[PDB]
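Just so you know, the protein sequences line up as chains A, B, C and D, in that order.
Counting from 2, one number per residue, gives the positions in the first sequence under full-length UniProt numbering.
Counting from 1, one number per residue, gives the positions in the second sequence under full-length UniProt numbering.
Counting from 1, one number per residue, gives the positions in the third sequence under full-length UniProt numbering.
Counting from 2, one number per residue, gives the positions in the fourth sequence under full-length UniProt numbering.
Here is the structure we will look at, set down as structure tokens.
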Amino acid sequence: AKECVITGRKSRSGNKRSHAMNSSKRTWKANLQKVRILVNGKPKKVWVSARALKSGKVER
Amino acid sequence: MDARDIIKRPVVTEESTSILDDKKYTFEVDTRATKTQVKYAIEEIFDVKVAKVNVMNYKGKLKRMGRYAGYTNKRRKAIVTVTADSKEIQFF
Amino acid sequence: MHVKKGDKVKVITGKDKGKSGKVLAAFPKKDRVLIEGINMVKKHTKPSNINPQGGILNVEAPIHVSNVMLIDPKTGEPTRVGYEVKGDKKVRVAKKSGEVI
Amino acid sequence: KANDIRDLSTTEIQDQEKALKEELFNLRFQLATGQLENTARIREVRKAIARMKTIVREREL
RNA sequence: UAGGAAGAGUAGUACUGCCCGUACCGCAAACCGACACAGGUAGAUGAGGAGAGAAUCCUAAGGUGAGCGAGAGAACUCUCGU
RNA sequence: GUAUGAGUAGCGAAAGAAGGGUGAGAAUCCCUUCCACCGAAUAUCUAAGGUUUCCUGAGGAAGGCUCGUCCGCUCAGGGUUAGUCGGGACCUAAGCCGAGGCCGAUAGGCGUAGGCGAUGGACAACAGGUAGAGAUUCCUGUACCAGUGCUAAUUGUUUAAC
RNA sequence: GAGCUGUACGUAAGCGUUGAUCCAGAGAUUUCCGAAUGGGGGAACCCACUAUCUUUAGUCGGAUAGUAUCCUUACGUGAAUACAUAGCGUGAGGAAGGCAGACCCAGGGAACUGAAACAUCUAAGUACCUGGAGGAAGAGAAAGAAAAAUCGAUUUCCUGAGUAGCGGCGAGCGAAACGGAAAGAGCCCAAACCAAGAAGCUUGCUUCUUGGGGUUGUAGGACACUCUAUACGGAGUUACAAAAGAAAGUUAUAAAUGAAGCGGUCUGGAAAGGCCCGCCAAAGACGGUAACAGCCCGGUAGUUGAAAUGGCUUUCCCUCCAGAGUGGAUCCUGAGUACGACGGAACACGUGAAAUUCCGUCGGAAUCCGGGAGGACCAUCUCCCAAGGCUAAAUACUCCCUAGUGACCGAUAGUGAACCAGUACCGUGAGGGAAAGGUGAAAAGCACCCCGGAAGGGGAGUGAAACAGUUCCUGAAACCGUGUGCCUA
Ligand SMILES: [Mg+2]
Ligand SMILES: [Mg+2]
Ligand SMILES: [Mg+2]
Ligand SMILES: [Mg+2]
Ligand SMILES: [Mg+2]
Ligand SMILES: [Mg+2]
Ligand SMILES: [Mg+2]
Ligand SMILES: [Mg+2]
Ligand SMILES: [Mg+2]
Ligand SMILES: [Mg+2]
Ligand SMILES: [Mg+2]
Ligand SMILES: [Mg+2]
Ligand SMILES: [Mg+2]
Ligand SMILES: [Mg+2]
Ligand SMILES: [Mg+2]
Ligand SMILES: [Mg+2]
Ligand SMILES: [Mg+2]
Ligand SMILES: [Mg+2]
Ligand SMILES: [Mg+2]
Ligand SMILES: [Mg+2]
Ligand SMILES: [Mg+2]
Ligand SMILES: [Mg+2]
Ligand SMILES: [Mg+2]
Ligand SMILES: [Mg+2]
Ligand SMILES: [Mg+2]
Ligand SMILES: [Mg+2]
Ligand SMILES: [Mg+2]
Ligand SMILES: [Mg+2]
Ligand SMILES: [Mg+2]
Ligand SMILES: [Mg+2]
Ligand SMILES: [Mg+2]
Ligand SMILES: [Mg+2]
Ligand SMILES: [Mg+2]
Ligand SMILES: [Mg+2]
Ligand SMILES: [Mg+2]
Ligand SMILES: [Mg+2]
Ligand SMILES: [Mg+2]
Ligand SMILES: [Mg+2]
Ligand SMILES: [Mg+2]
Ligand SMILES: [Mg+2]
Ligand SMILES: [Mg+2]
Ligand SMILES: [Mg+2]
Ligand SMILES: [Mg+2]
Ligand SMILES: [Mg+2]
Ligand SMILES: [Mg+2]
Ligand SMILES: [Mg+2]
Ligand SMILES: [Mg+2]
Ligand SMILES: [Mg+2]
Ligand SMILES: [Mg+2]
Ligand SMILES: [Mg+2]
Ligand SMILES: [Mg+2]
Ligand SMILES: [Mg+2]
Ligand SMILES: [Mg+2]
Ligand SMILES: [Mg+2]
Ligand SMILES: [Mg+2]
Ligand SMILES: [Mg+2]
Ligand SMILES: [Mg+2]
Ligand SMILES: [Mg+2]
Ligand SMILES: [Mg+2]
Ligand SMILES: [Mg+2]
């Protein structure tokens, strides 16, 4: 449930590399920030990413 | 249940018939019948006045008939005693 | 079964071949018929409440239906059975014409 | 039966069904004691009741 | 106390009170150990003489004679006595 | 599946004797007398656990480290009675579950209100009898706890009995 | 259409031509647990509240309905706080759980092993866990393939080909287009524009909803006009909008009829067999019957049959619908998007000269005088319009039902299980997991006598056979015995 409520981007998985290309396992998290926006007729605090928050959202 | 559904059949044995003169009657009742239901079931069928009811639960005996093992039915036995100023029940 | 209970019969095969008798019983669950005077057995019975004398008794035994052909009243011969309907009731007729059975 | 049962106006059939359970209890009473010789009456009394519960139920749909 | 309130106590009489367990073994041949196994199994009671004592020896109430025997009295092995 | 070891090891702590009885058959089953062992137990209750092993009448194929007429074995019938005993309809501890809620790739983790959960708290019955098997349960005698109806008196009715 | 009350042998009591048992379709009843849902709980148990009714003189009892949580939504109430929201209550829709140990889409994701060691690599996006489905899923109507000439949505099979490539350039991994086939099908939105309302009143504006119009690359549409047309015709519940209803035919689910040898004779317990004669055949499939049956039985070929329910096809009913050309002022054609830097992944392709696709984080376009691709990139040329959605068949699998087949097994084989098998037994538990088929054609399963408590025997009897007598067809070897011909202290 930790995901953006507008563009539902969230954690994904991938590899972590080094010299000699030893492969470990890691993850990529989204830049989720907790803000208070009008998600409905009333405001609420939800997870919103920093990229869906730079054009046209609400009070924040 | 009904009156005829709570009470199933009488018990006729050496112990059961040795107390008939004492105005005590032994029945097999429904497994899910309370002591109070048995009291009013008897008065509906035989029109006697009931003084006490005593109940007890019996398990099933493990029985064998050749390579096959199982249990008999579990029983609920009720003993009904009646007031002295009342009629009697004729097991006969 | 092509033979009912209580009709005359000729025995076609077996040790009692060529004889005749009535049908006293039928067992369609096993394809057997019991015919008087045919396939007698001597069973050694222990005395009991029924038949207190015990002894060795001559009693009939069932035989297979395929050893059995029905006999017609037209000529007294073993004939095959055909089925014909007269209105609402079906009847059995011999292949050799021979009216109804 | 059945066709004979259907000529009853859904109230006397309640009484006939009731009076059959009285017989069934008495029949079970004698079997336990050992005073019953026509044991075949047990099964046909039971089926007579079931024949009456069905007519009442289908009459009320 | 907040609240509810036209019914309330008293005496005498009669009646009402449901469900589950209850058998039997339980320092044991019936429980845990594959066994009718010299092992293990919480708690209450637990007498008399002598005695500080629930020690020790002999007994009371009560319970037992142990699920292979008899007969000889060698070596050797084990547990005891000089 | 069957041999050899081989009729060999073993037969699992312990004191028995005789006289009658039953029986086809007795060291081993029943009765009697004597003797011996335990006795802060090898005695009497009762939890856990086991589930019919309890009682009666028949039985001797298999089980019983021998024997068996016997048995905790086989067959067929029986046997467990509660307002007051222990538990529920009463209460909570450790712990567990947990509406909303907070976290988290999924699955889920944690947790408030709330609720379960005795090994503890509260709570009204005692003494006798019962010859096959049950007893604060059945029967006799005398009680207690909570409630209900009925009869007779008392009291009070909104400045308001209870 | 004549017996029946299952295995199950058999005792009793009964039921059936006023048509039972039996077979098929459709109904009714369906205890308790289990998502389990009134509360709780150690599985099949315990304890309730509300409304109505019923029983007793009343307490005690009984019957019938409702009462879980969450998502969407309608109404009524309603805090800090004046309006209002949160919250609270009631009414109506939906979900939950299972599995076929199979097929497939997504999230997460090993190691043993190979490289004759091992770390990049392989095993492998495999095993496994989780979620979502469907009878199929996924993909799918070109910002495509390709090159002096063109094709025209996806998918699957044959080739291309172990090729081009990738690779401690080691072990190894490994395409695609053209060509040949199976099957074939195309559509709907967003935006300009038009009509209607409401809100913010940014105050004569934008911005939200409803209906129409429109969806394409030789650019198309809007917009101006010419033409027809509002059911003349066309289409449809598998995409293209959606819900129903009749009739006819077919098919599935019980069934009916159905030819021809009792032929003679031999052996035999018994003839279907040998020998000698006949017949039927759209039927010489299979099985049974006392040994091997086209003509004994059930049947088979052929021809018939459905009250009731499901399926399919067609038609009717019903429902819904504008499509051609000419101009091009002016307007629209999917924005934090496409791309780029950094870190990863998928592409046969391991960062490499690395195009293409996707993810996380930052920066960040043009918009028809426009944009993308053709394996870095630039110019020309060619092909094509991304950042919205839907779509049948050709393909994969079998827990199942019907009809069949096999140079498949035949009781240590074949399923673990031909037999009351996931049973007995073993473990605290997850879990592991057997052995065990055959009397005889027919029980005709040994009346009776003798020894014995019995078991077990010897006669008698049934049977073709009892040296077939209740692990019972056949009955080998190990192993255990009795008698004896030759030898042996
Ligand atoms: Mg969160
Ligand atoms: Mg009780
Ligand atoms: Mg006791
Ligand atoms: Mg012993
Ligand atoms: Mg012991
Ligand atoms: Mg003490
Ligand atoms: Mg002492
Ligand atoms: Mg002293
Ligand atoms: Mg002391
Ligand atoms: Mg002593
Ligand atoms: Mg030796
Ligand atoms: Mg020796
Ligand atoms: Mg001993
Ligand atoms: Mg117990
Ligand atoms: Mg005993
Ligand atoms: Mg013995
Ligand atoms: Mg005896
Ligand atoms: Mg005995
Ligand atoms: Mg016993
Ligand atoms: Mg009492
Ligand atoms: Mg208590
Ligand atoms: Mg929750
Ligand atoms: Mg929790
Ligand atoms: Mg609490
Ligand atoms: Mg509790
Ligand atoms: Mg306690
Ligand atoms: Mg008390
Ligand atoms: Mg006792
Ligand atoms: Mg419930
Ligand atoms: Mg629950
Ligand atoms: Mg589901
Ligand atoms: Mg290696
Ligand atoms: Mg790989
Ligand atoms: Mg799954
Ligand atoms: Mg489906
Ligand atoms: Mg699809
Ligand atoms: Mg026919
Ligand atoms: Mg014919
Ligand atoms: Mg002959
Ligand atoms: Mg012949
Ligand atoms: Mg054949
Ligand atoms: Mg025949
Ligand atoms: Mg033969
Ligand atoms: Mg044969
Ligand atoms: Mg990069
Ligand atoms: Mg990006
Ligand atoms: Mg260009
Ligand atoms: Mg190319
Ligand atoms: Mg190029
Ligand atoms: Mg699609
Ligand atoms: Mg096998
Ligand atoms: Mg064999
Ligand atoms: Mg077990
Ligand atoms: Mg004999
Ligand atoms: Mg004998
Ligand atoms: Mg003989
Ligand atoms: Mg003979
Ligand atoms: Mg044979
Ligand atoms: Mg044999
Ligand atoms: Mg031999």
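Each residue gets a CB set at the ideal place from its N, CA and C atoms; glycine is no exception.
Out of the options, which has the shortest C-alpha to C-alpha gap to residue i?
i	options	result
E45/D	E24/D, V57/D, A33/D	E24/D
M1/C	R32/C, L24/C, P52/C, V93/C	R32/C
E84/C	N67/C, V100/C, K8/C, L57/C	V100/C
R27/A	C5/A, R61/A, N16/A, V59/A	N16/A
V11/C	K29/C, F27/C, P28/C, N39/C	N39/C
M56/B	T83/B, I89/B, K74/B	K74/B
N32/A	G9/A, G57/A, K58/A, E60/A	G9/A
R42/D	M53/D, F26/D, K54/D	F26/D
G57/A	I38/A, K45/A, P44/A	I38/A
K35/B	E88/B, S16/B, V80/B, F91/B	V80/B
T13/B	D16/D, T40/D, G35/D	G35/D
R58/D	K2/D, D5/D, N4/D, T11/D	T11/D
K29/C	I71/C, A61/C, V65/C	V65/C
Name the chain D residues that come within less than 8 Å of residue i, Cβ to Cβ?
i	result
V12/B	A33, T34, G35
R4/B	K22, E23, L25, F26
Name the chain D residues whose beta carbon is nearer than 7 Å to that of residue i?
i	result
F46/B	Ordered by position in chain D, no residue passes the 7 Å Cβ test against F46/B, which lies about 11 Å from the chain.
Taking CB distances under 7 Å as the criterion, tell me whether residue i reaches chain D.
i	result
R75/B	no
So that I know if they touch, is there some Cβ in chain B lying closer than 7 Å to that of residue i?
i	result
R47/D	no
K54/D	no
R7/D	no
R42/D	no
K22/D	yes
Thinking residue i and residue j are a contact (beta carbons under 8 Å), I'd like their distance in whole angstroms, please.
i	j	result
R76/B	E28/B	7 Å
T45/C	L57/C	6 Å
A33/D	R4/B	Between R4/B and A33/D the Cβ distance is about 14 Å, and since that is not below 8 Å, they are no contact.
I14/D	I56/D	7 Å
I7/A	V36/A	Going by Cβ atoms, the distance from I7/A to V36/A rounds to 11 Å, so no, they are not a contact pair.
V68/C	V3/C	5 Å
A25/C	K43/C	Actually they are not in contact, since the Cβ atoms of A25/C and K43/C sit about 17 Å apart, beyond 8 Å.
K15/C	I35/C	Not a contact, Cβ separation roughly 13 Å.
Residues in the same chain with beta-carbon distance under 8 Å from residue i, minus the five sequence neighbours each way, listed in chain order, please.
i	result
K19/C	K10, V11, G37, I38
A20/D	none
What does a CB cutoff of less than 7 Å around residue i pick up in its chain, not counting 5 residues either side in sequence?
i	result
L62/B	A69, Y71
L37/D	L28, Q31
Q53/C	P47
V82/B	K23, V48, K49, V50, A51
List the residues of chain B whose Cβ lies closer than 8 Å to the Cβ of residue i, in chain order.
i	result
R29/D	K8, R9
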